[PDB]
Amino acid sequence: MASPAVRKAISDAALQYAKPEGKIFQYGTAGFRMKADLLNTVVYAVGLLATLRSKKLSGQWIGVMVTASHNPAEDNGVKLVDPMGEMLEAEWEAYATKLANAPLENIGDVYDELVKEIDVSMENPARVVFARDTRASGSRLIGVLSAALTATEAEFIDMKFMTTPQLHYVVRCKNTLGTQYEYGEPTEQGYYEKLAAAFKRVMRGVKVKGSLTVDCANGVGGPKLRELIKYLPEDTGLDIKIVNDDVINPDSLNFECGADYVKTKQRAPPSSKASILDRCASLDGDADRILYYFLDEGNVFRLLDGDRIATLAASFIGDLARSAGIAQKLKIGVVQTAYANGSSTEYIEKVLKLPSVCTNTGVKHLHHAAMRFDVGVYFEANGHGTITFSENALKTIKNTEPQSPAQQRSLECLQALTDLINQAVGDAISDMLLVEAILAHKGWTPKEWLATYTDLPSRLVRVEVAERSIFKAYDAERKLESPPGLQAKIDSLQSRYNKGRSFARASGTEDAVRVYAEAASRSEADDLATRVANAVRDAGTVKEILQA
């Protein structure tokens, strides 16, 4: 219910900036994200929101990450991170949005509106940690953020340049020190030591073969990976070659590299100098996504995307849980979207003998569902993912008495994985260490990993429609309620093709629907995708009103 000097300082500091034309803002997944010259007042609003989130939650540290991830050099973005390093509570997105869309002259009053609607205790100082990627606009935007935090009399720490996962790491640590489940030392240094020490344990008595060439998107992941390498152990046989670390030139960020580029264009970066069979990976620009790839013997680009990594991780955890003797005690499952290749799902259920849960798209539904297992593996094709360990999981690992040196070795190994794998957020660097460790333990070349199952040919298409809003989905977005008859037709179309599977869903932003289709052969997959694409387009063109 306070205060006068704060209201004044808020509206005064706001008067430094101006709202772009008639821009309407929305805090989506990953927050606000757009052209960097539209972003001053938006980041201001988030500085203000952050103050309120911290105070509502007893002065716990709340994080802000300034990044636009995959996006080109001239975008930026801003998102809040909650106390345990988790993504901002779904219902607080709407507050961010209310603040962003306010006229500036009124922003001090909308702040008051919120301290009353949210019911915040003003005893506590707000505490916020922030960091940014390598973008040119970062410095200016950090100044905007800092003017907001100052007007609110928050305590803040500028953690400088970090990957997104490092900023989730810090937040969680700061809020867990003194606790029973201390996540680590809340510094970049502590992040490195924790990864190093865990990698070391997982790697006991085994060796990585051949080098790893890591495309770092010319992003913050590049210098952080290099810094991490200084902390890693010596006789693991890890040999990381860093490429695309041109962080000094903002124009280079995500320019024809790394992860998003490789995944969506399904080819290596054009600048790549890797040879035949060289094991490779691409990080995205804020290093929360990764994928693997290689040129095979005949010189063909071979992608190993998020789903590939998911089945790799699930195979490894499954084998370890069994030999640790806890596989019957613990619920272990893979969480996927409907975008997952059918062959990947088949491998999990038939060969790994583990549940798969199809859930709605968006890390939120994926994480929430992975937390229903004791050991929940989720990746998206795009390279975002992690493994979640429940308290039960940690406890039964920590407490079970082993009946053999193999059983003990597996339990130790499993314990280490728990500290290696980022629990707050999908972490490209952590995931990298994971994949390398697993390949070492299995003795697998990239080609043996690819050979594990064969993807059904698939095709994704973007279908423009009149109104995105008439396409209403359910059952992990695999079925349409609306418009009438479309599902019946999708059902019939997929039946005509060997192992034929297709589904269409709205994008949620555009006036477009996405069609996914897969089948036994290329021509089938393409034809099915086109047929569903035409039906979608047909049901999505304005009906047309008759006369007399």
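We number the residues from 1 along the sequence you see.
Stretch comparison (198-206 versus 284-292) by mean CA B-factor in the PDB entry places 198-206 on top. Of the two segments, 382-390 and 363-371, the one listed with the higher mean B-factor is 363-371 (C-alpha atoms only). Among 77, 405, 333, 138, the highest C-alpha B-factor recorded in the PDB entry belongs to 405. Listed residues 436, 297, 245, 193 were ranked by CA B-factor as deposited; 297 comes out on top. Split the chain's modelled residues into thirds by C-alpha temperature factor. Residue 234 is in the highest one. In the PDB entry, residue 61 places in the lowest third of its chain by CA B-factor. Ranked against the other modelled residues of its chain, the C-alpha B-factor of residue 50 as given in the entry falls in the lowest third. Sorting the modelled residues of the chain by their CA temperature factor places residue 376 in the lowest third. Remark: residue 266 belongs to the highest third of its chain, ranked by C-alpha B-factor as recorded.
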